[PDB]
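Colleague: Sending over a structure as structure tokens; questions will come in a sec.
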Amino acid sequence: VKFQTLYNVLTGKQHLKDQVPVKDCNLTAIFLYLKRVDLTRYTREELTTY
Amino acid sequence: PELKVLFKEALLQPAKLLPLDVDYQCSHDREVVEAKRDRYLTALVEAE
Amino acid sequence: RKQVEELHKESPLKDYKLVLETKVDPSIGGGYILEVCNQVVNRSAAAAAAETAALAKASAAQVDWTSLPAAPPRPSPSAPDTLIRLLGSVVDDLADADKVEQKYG
Amino acid sequence: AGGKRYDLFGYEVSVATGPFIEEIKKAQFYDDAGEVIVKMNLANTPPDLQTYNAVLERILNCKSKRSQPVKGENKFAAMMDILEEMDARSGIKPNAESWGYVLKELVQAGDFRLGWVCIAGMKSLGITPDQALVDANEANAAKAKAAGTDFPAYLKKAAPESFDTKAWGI
Amino acid sequence: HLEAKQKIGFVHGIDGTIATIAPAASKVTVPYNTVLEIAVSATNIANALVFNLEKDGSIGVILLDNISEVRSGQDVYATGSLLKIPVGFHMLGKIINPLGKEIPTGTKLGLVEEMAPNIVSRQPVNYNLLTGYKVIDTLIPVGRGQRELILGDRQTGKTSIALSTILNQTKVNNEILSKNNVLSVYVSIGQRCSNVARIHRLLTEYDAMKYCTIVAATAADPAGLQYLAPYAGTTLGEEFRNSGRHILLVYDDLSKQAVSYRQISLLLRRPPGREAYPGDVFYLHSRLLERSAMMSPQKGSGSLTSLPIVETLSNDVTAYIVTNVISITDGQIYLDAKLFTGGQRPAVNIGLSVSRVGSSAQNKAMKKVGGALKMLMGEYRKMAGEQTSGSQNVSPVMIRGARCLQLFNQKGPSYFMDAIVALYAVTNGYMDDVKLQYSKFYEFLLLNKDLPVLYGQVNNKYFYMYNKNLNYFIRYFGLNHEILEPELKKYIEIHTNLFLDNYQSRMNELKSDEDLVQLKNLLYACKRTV
Ligand SMILES: Nc1ncnc2c1ncn2[C@@H]1O[C@H](COP(=O)(O)OP(=O)(O)OP(=O)(O)O)[C@@H](O)[C@H]1O
Ligand SMILES: [Mg+2]
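Chains as they are written, first to last, in the authors' numbering: chain c, 14 to 44, 78 to 96; chain h, 281 to 328; chain M, 160 to 264; chain L, 23 to 192; chain C, 22 to 127, 139 to 562.
Set out below in structure tokens:
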């Protein structure tokens, strides 16, 4: 059930409250797309700026 | 001259001045804390 | 049987004899139901499934995995005086800006 | 305790307060002291000045109102609402020890203007403040005056000469 | 494992919320006012209370929940106990049903119907309750245990007073110890679910939900549940009352509870009475309101305040339920549709309002200001009507009265320090040279800003407004004390002078239409933020 909900969050079919973004740190603390999560760990500003 | 020494010390250890542990508990995501840190550094450079 | 006459013993009257009747219910296909001394006990698959589902379902609803950010408590700021000495005007602006930025990002 | 205390109705109340004071002194979060008083009034052992002073000592010496922190907790508002309870509600009048704990809290917190208020209240009530506290109060005042921290910054900011709901911070 | 269910019979007839239960077996007994569980389905269970037991074994029943699901052939079982609800600290922060069910959003069982304390268990009140509004805290004081009525027309400001009173407690409760806190319960009867959700979101916004709980009996919800809700809120409060804690309780509103009881009675063909009501509605509200009391030190010195709400019709206090509640309550807060439409908000009519007990609980610092403003308003009510546009007058009475009525125009709860000083200035004439429309700005600029600190007039030693912990010295010593009085006078004098010189003159100097609109916007903002 919860695993299915996690899979739905990664799929984007189900979203979090108050429009919270999906991140590995965010996901870890709650509990091709996966490569995008590991990317999500790294700071966005650092990636774009550098 | 004391004040100049304090600016040099503050630039050398900007993070030491802040309470890192409190802010780190508080922020769910590290990125938020990082943005706060960047703004403080820029403000000190503008001050001097 | 054991449950039957034990329930008959728990009853206020036990001097009287005990008779047992058996019936069939289409709606429920598992378990039995027993009635003695105007006391009913339900031990059926529909009823049992509903009870077990209530425990699991209620736990699942309490967890509320979907849409569950975690926010820690905030202590007093206790900002150092030396910081404030260097830039008193702006540091105030930055402290107000921080909270807004935390909510937006 | 040969003296016998009575309620407004004339019923007898018990002065035996020692075990509750022992519970207060053993506490490490200063809301449990209030919980002690709540369990104490139910036993018809209405608080005495010694108990309120133990509560004040507990508020001062304790680290937090509770195990977990609280938004807006102040040791001073507790150590003054309890005195309002002492004087107004219960009729008991505080002593120099009570105000002394209050002034210790104000000195630790760095608030110096309210420390002068506490000093003047002590003096108007015939109480002699401890000079070790008022000297530290004046020292904190000198510190705040030297660095311009005598007041916050948002007060000394120049006001908007033009009237605007956004400029006035509303 | 061993748990069993006791069957008392089957349903025979249903009529709306009411029902009749036929016994299954002779020589079976059901106790009176006991809840009964109807076999709705294999898992779903209803709940229903007895009101009469007949010679024939037939039982009258009031269905509290799941009336749409009840049918005739269904089983009926007996719990064998009174109607009880879970109560405690854990129930706080949770909107719930009267029975105890939690209504979701985006061990200790207390009795619903319990006798009120006797005269020896009670006590005259000594501590106040701060509604956050100046009219109430000044002239219509509210003690803890003092149940004071709110009367008003539809859309007049009745619910907002109770919500602001609940919200005002958060700022204090976080500071002081938990014993002197004011927890709160809010019973909504007959109200729309959207309004309850808005109330929940607001209380969660201001972080007042941790101290507050809500009982919901909407207009769509059945009638027995609406009749039962305030008794359940009183049950949630009685635990904190008898446990030495204090608590507040709100009823929005008892005028709709009576309609639900009228449904229940007339569906049972009970002999009606005045204005269609059975005649026992007085007892219905008295059972509820007498439970609100200030308990004796023998009983913990706790408290249970009650701010009920009642809907008049065309400003008529001579209705039946209104007088029935005034005959029970220890006061009255009369809000008027005329003043509400006339911009005065809260629309309290001081003449038709009174607090029979709050003078004992009022703080001395507030007591003196309230005596002064009471004299002032008793003069103002006469000086305003005696002229009837015969010839205007420029006297300090009418001036100060108009200034103070503008101060009473208040959108949300105010702090005690913020409440006194603004009225001290008017009673003592410091706010006489300013204009009417520039009173709110004055107050805002006095409290949220500090002109003396801004312009360097730092001659005062401690009296300022940026701290707000000075309130607890004002609450103990009083402003008329030798120490706070001169510094207060100097602060207010400097504020008046700097206002009249640097702000008011610039206001009068403005003549551009866009500037006047900008200023009116600022004044409407000051009318809210204060
Ligand atoms: N002091 C005030 N200032 C500005 N607006 C107010 C004030 N008091 C109430 N209102 C407004 O009046 C409207 C209704 O207020 P409230 O909810 O208290 O009415 P009510 O008496 O509950 O109405 P009803 O009896 O129909 O439920 C709301 O829009 C509210 O914002
Ligand atoms: Mg309303």
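For each residue, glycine too, the CB sits at the ideal point set by N, CA and C.
Taking the runs of the alpha helix (DSSP H) that are 4 residues or longer, which of them lie wholly in the region 40 to 90 of chain L?
Modeller: The qualifying runs are 40 to 48, 54 to 63, 71 to 83.
Colleague: Can the beta-carbon of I106(C) be found less than 8 Å from the beta-carbon of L215(C)?
Modeller: It is not a contact, given that the beta carbons lie outside the stated cut-off.
Colleague: Would you say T344(C) touches ligand 2, meaning its beta carbon is less than 7 Å from a heavy atom?
Modeller: No, the Cβ of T344(C) stays beyond 7 Å of every heavy atom of ligand 2.
Colleague: What is the C-beta distance between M409(C) and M430(C), in whole angstroms, given that I count them as a contact (C-beta under 8 Å)?
Modeller: So it is not a contact: roughly 11 Å between Cβ atoms.
Colleague: Whole angstroms are fine: how far does the CA of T245(C) sit from the CA of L297(h)?
Modeller: So the two alpha carbons sit approximately 43 Å from each other.
Colleague: Quick one: what's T236(C) bridged to in DSSP?
Modeller: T236(C) is not bridged to any residue.
Colleague: For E34(L), write down the residues that DSSP places opposite it in a beta bridge.
Modeller: For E34(L), which the question treats as bridged, DSSP gives the partners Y28(L).
Colleague: Going by beta carbon distance, what residues of the same chain come within less than 6 Å of residue 219(L), once the five residues before and after it are set aside?
Modeller: A query on residue 219(L) cannot be resolved here, the shown segment of chain L reaching from 23 to 192 and no further.
Colleague: Please name the residue or residues paired with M327(C) in a DSSP beta bridge.
Modeller: For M327(C), which the question treats as bridged, DSSP gives the partners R154(C).
Colleague: Among the residues of its own chain, which have a CB less than 7 Å from the CB of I296(C), if the five just before and after it don't count?
Modeller: Around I296(C): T38, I39, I83, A255, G256, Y259.
Colleague: Are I208(C) and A99(L) touching if we call contact CB-CB under 8 Å?
Modeller: In this structure, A99(L) lies closer than 8 Å to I208(C) by Cβ.
Colleague: Could you list which residues in chain M have their beta carbon closer than 9 Å to that of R319(h), in chain order?
Modeller: Chain M residues near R319(h): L253, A256, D257, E260.
Colleague: Let me check understanding here. Comparing Cα to Cα, which of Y462(C), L479(C), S423(C) lies closest to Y447(C)?
Modeller: Comparing Cα positions, the closest option is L479(C).
Colleague: Are the CB atoms of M112(C) and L336(C) within a distance shorter than 8 Å?
Modeller: For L336(C) and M112(C), no; Cβs fall outside 8 Å.
Colleague: Can you list the residues near ligand 4, meaning Cβ strictly closer than 6 Å to any non-hydrogen atom, in the order they appear in the chain?
Modeller: Summarising the ligand content, the structure contains ligand 1 and ligand 2 and does not contain ligand 4.
Colleague: What is the DSSP secondary structure of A379(C), reduced to helix, strand or coil?
Modeller: Of the three classes helix, strand and coil, the one that applies to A379(C) here is coil, per DSSP.
Colleague: Which two residues bound the contiguous alpha helix (DSSP H) that contains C38(c)?
Modeller: Start and end: 37 to 43.
Colleague: What three-state label does DSSP hand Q364(C) in the structure shown?
Modeller: The answer is strand: DSSP assigns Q364(C) an E or B state.
Colleague: Would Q221(M) pass as an interface residue toward chain C - the criterion being a Cβ-Cβ separation below 8 Å?
Modeller: No, its Cβ sits nowhere closer than 8 Å to a Cβ of chain C.
Colleague: Got a sec, what are the start and stop residues for the beta strand (DSSP E) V200(M) sits in?
Modeller: Start and end: 198 to 203.
Colleague: Helix, strand or coil, according to DSSP, for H167(M) in the structure here?
Modeller: Three-state result, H167(M): helix.
Colleague: Which runs of the alpha helix (DSSP H) fall wholly inside the region 89 to 164 of chain L and span at least 4 residues, in chain order?
Modeller: Whole alpha helix (DSSP H) segments, 4+ residues: 97 to 106, 118 to 131, 135 to 146.
Colleague: Which residues, in order along the region 71 to 89 of chain L, keep a beta-carbon less than 7 Å from a beta-carbon of chain C?
Modeller: Residues passing the 7 Å Cβ filter: none.
Colleague: Using 7 Å as the cut-off, classify the Cβ of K26(C) as near or not near the heavy atoms of ligand 1, replying yes or no.
Modeller: Because no heavy atom of ligand 1 lies under 7 Å away, the Cβ of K26(C) does not count as near it: no.
Colleague: Am I right that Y165(C) and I193(C) are in contact with their C-beta atoms under 8 Å? What's the rounded C-beta distance?
Modeller: Sure, about 7 Å apart at Cβ, within 8 Å.
Colleague: With a threshold of 16 other CB atoms inside 10 Å of the CB of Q201(C), please say whether the residue is buried or exposed.
Modeller: Its Cβ being crowded by 16 or more others within 10 Å, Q201(C) is buried.
Colleague: Would you kindly check if the distance between the Cβ of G109(C) and the Cβ of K140(C) is under 8 Å?
Modeller: Cβ distance < 8 Å, so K140(C) and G109(C) count as in contact.
Colleague: Would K28(C) and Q198(M) qualify as a contact pair, given that the criterion is a beta-carbon distance under 8 Å?
Modeller: Against a cut-off of 8 Å, the Cβ pair of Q198(M) and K28(C) comes out as a contact.
Colleague: What I want to know is whether the C-beta of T337(C) ends up closer than 7 Å to one or more non-hydrogen atoms of ligand 1.
Modeller: No; taking the cut-off as 7 Å, the Cβ of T337(C) has no heavy atom of ligand 1 nearer than that.
Colleague: By the criterion of Cβ-Cβ separation under 7 Å, what are the contact partners of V302(h) in chain M?
Modeller: Simply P234.
Colleague: If you measure beta-carbon to beta-carbon, which residues of the region 58 to 88 of chain C are closer than 8 Å to chain M?
Modeller: Listed in sequence order: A63, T64.
Colleague: Just to confirm, are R413(C) and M327(C) a CB contact at a threshold of 8 Å?
Modeller: Taking 8 Å as the Cβ cut-off, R413(C) and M327(C) do not qualify as a contacting pair.
Colleague: Which residue from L555(C), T459(C), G114(C), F505(C) puts its Cα closest to that of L468(C)?
Modeller: Minimum Cα distance to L468(C) is reached at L555(C).
Colleague: Are the C-beta of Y494(C) and some C-beta of chain L separated by less than 8 Å?
Modeller: With 8 Å as the cut-off, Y494(C) counts as an interface residue toward chain L.
Colleague: Going by DSSP in three states, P294(h) sits in which element: helix, strand or coil?
Modeller: Note: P294(h) maps to helix in three-state DSSP.
Colleague: Helix, strand or coil for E123(C) per DSSP?
Modeller: Note: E123(C) maps to strand in three-state DSSP.
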